[PDB]
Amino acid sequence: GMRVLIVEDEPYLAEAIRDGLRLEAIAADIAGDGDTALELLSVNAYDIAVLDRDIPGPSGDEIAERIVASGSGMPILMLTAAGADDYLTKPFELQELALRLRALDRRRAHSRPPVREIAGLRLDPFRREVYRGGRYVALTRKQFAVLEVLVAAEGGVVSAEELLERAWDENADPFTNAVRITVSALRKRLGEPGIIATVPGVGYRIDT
């Protein structure tokens, strides 16, 4: 079934909302503040984020911006007292929330969430961290952006030109030596065994 993240700070409310979804076959994790929300987003995968706007720590709008920047396409539903796919005013009927969640999910029912793990690597875009078999590998911003694209291709081949468009600038001056030296540095950082394969005329890919 569906897994959602509920971020709401009002006492008992986050737990009560998860409770109302339980028998709707919609499971949920909860958080009362933005720091906990980000920590959960670094570890678990969710189908939708339900975010109260005014919460302690990083606000609900700041969480929404970081989800949007992650490039996952995960739908976001904001809760308001009274960017984002939809907004819901508190208090709301539970059937109303379950309807919005299902509608948001089925719009993208056949799309796939990003590939963040392959061949031992785990990539977390929220903390911008890479783990190889559980071992932390520090990476520069450019190295991470290139690796993020290669991992998301799940062994598919990515040209040096696409890496330049996606990790430097969509209308960049097509010079690919910078991409080549960055991939080479990434290979040194990741270590043995070799995980980034070169396809001579086309580009690079994650091996196995």
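In this text, residue numbers run from 1 along the sequence as written.
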property: Unmodelled deposited residues flanked by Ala82 on one side and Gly83 on the other; result: 10 or more
property: Entry-level comparison of average CA B-factors, 129 to 137 and 83 to 91, reporting the higher stretch; result: 83 to 91
property: Per the entry, higher mean C-alpha B factor between 169 to 177 and 31 to 39; result: 169 to 177
property: Lowest, middle or highest third - CA B-factor, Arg112; result: highest
property: Third of chain Cα B-factors occupied by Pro11; result: highest
property: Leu121 by Cα B-factor - lowest, middle or highest third of the modelled chain; result: middle
property: Ranked C-alpha temperature factor of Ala98 among modelled chain residues, by third; result: highest
property: Ranked C-alpha temperature factor of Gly60 among modelled chain residues, by third; result: highest
